[PDB]
Each structure stands twice: as C-alpha cells, then as structure tokens.
Amino acid sequence: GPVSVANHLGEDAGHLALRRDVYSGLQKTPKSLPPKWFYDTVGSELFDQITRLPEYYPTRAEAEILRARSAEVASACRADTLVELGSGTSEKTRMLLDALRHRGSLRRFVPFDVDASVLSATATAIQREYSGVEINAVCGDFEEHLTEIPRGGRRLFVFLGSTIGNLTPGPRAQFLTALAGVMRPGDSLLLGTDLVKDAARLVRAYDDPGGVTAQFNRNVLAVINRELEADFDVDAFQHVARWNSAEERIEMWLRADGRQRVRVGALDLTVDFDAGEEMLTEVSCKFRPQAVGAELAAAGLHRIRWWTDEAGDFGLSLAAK
Ligand SMILES: Nc1nccc(-c2cccnc2)n1
C-alpha cells in the first residue's frame, strides 16, 4: 500500500516548545517540567530498557491483555482504520493490526506523533509487513492537529501504556473532549490505564534498583544542557519516586544535593535550587476502573468493554463515539 506522511509541525516546533517549557517551568514554585522532553535518542533507548524491567509491570500487563483481547477489540469495534496516538513501533501496534487484518478489515493505518522521522520509519516498516494497507502518517501534536487525522471509514483510535496518566485531571479531560470531538459516530477509542494498587509496588516500578529509571529522569537535565546551553550539574541531582496518596498518582522528582546555581544560556535565565530542593519532572496518574468510564462519559464516549490483566494491575477500555 501507498505511504503518506503529512507534516504540520515547523522545523523549530520542538526547539521552540522546549524554550517555552523550560523558561516557564524553572520559574514555577515548585519548579516543574513536562514529561515531554525525556525522549531524545538516549532517553528513548532508556525507556526501552525500562519496559523490560521486572519492576515495570505496565508494559507486560497491557501486552497480556492485548494478546488475549485483540480479536474481541477488532470484532467489537468493526474498524477498518487503525489510528495510533503514538509512534507505531510497539509489538502492541502489530497485535491490533493483525487482529483487524485477520478479520479481512485492515484497510488503513494512521500513526500520529511529533517526530516526523519516527513516523517515516514506522510507515516504511508497516508497508513491508502489511501488503494492502494504506499508511497515512500525520506529524502533529494533540493541542492543534487532531483534526488533521484523516476521516472516513470506521476508525479505532488507540492510546496505550497509561500515557493519558501523564496528564493531570484538567488537561486530561480537555484532551479527551478534543479527541471525542474529532471522532465520528461509530468510531471507537482503545485506552490503556494503569490501576491504583499497593503503593510500595508503584514506587518500585518508578525507581528500579539498577537506576535505569533514575538515569532516564536525570536524562532531562542533559537535554536541557545540550539544547539550551545550560550548566546543570547532572550528577548533583537525585531521582526520587513519590506516591501522591491524595491525588493517587506517581510523581517523578529530581532532588538537588546542595545549593545549585543553574544558568540556561539560550534563555538568559538564572535559577537557584535550595539544598534539597525537588523539581517535578513527571506525574503518572493511577486510575480506578469506575473512574475511567466516568471520564470517557464526561467527554462524550461510551465505554463498551473494560479489561484488566490477571492480577488486576492494568486496565484497557474500549469506548465508542
Ligand atoms: N508513558 C508512561 N506512562 C506511564 C509511566 C511512564 C514512565 C515514566 C518514567 C519511567 N517509567 C515509566 N511512562
């Protein structure tokens, strides 16, 4: 099938987004950064290692559900088009593409992400593995370009890995409302959500003893150093995984070991870290089964299927427009 890539992000979209977030984030109290910047080449390779850590259950848990329920997803949604809010690189991507193809229904694939070079590689890869599927990759962001996702056919939107968990309730509901807005009656959404559980298990999942997640978090300081001429003493910042009991969410912090004076060159900004000051780099909200259905209902979608893994660690929702 023919490959297409439509690019809606300017060449300096990423850099200009990084200046904004760093300028604003390092002047908040407490200092905070979007989890958007962990993923340069190094961080992406670190995340790949994280998914194979025994402590990080979500990847395997979601995969377990998908290995069992992918056929039912295909037959219940009846989609001919797979829209992935992601890079299209996971084996989970293929599991759903196989399930739709097995029904003789796989007609189009739409990967949607911000890295045009990632989408181009995904599209070439799906093109050799799935004869007869048109691949329409869309380079855009959630805030502006959900409308640029092609229309027509019966579309199954996919958003896995409890990545919606990286949005706080306010921004999370806006995203779901906007996503439901571009969905057509008959379209469906498959959404993965990590579930609330034993706190010690959750903290361990975000601070493996080998420190891969620690390096992954500290990697954000190198990215700021390299891209905006900052002088973060990366080794003087400790990764700290916190369980927020009141908000029921995991929080990734970076703790300054001693007073730090950090100058971000490209921004003409100097910020100060008190000794023991912590900066928030990510939130990872954990969900309750009932609450996910209410959130989809609040945005205008109707959950028709809910699945957990065998241990009840992770949940998958199939909601219809
Ligand atoms: N996308 C996503 N969703 C949930 C958790 C995570 C995550 C972050 C940082 C380290 N390990 C896992 N990423």
# chains A, B, ... in the order shown; residues from 1 in each chain; ligands from 1
>>> residues_around(residues="segment 123-128 of chain A", least_positions_apart="4", cutoff="7 Å", atoms="only C-alpha atoms", output="count of residues only")
5
>>> residues_around(residues="residue 258 of chain A", least_positions_apart="6", cutoff="12 Å", atoms="only C-alpha atoms", output="list in words")
residues 233, 235, 236, 237, 238, 272, 273, 274, 275, 276, 277 and 278 of chain A
>>> closest_residue(among="A:140, A:181, A:54, A:35", to="ligand 1", atoms="only C-alpha atoms and all ligand atoms")
A:35
>>> residues_near_ligand(ligand="ligand 1", cutoff="7 Å", atoms="only C-alpha atoms and all ligand atoms", output="PyMOL selection string")
chain A and resi 47+50+161-163+165-166+206+213+216+284
>>> closest_residue(among="A:199, A:79, A:33, A:179", to="residue 154 of chain A", atoms="only C-alpha atoms")
A:79
>>> select_by_dssp(residues="segment 45-133 of chain A", states="alpha helix (DSSP H)", output="VMD selection string")
chain A and resid 45 to 51 57 to 77 91 to 102 116 to 129
>>> closest_residue(among="A:279, A:222, A:191, A:106", to="residue 292 of chain A", atoms="only C-alpha atoms")
A:191
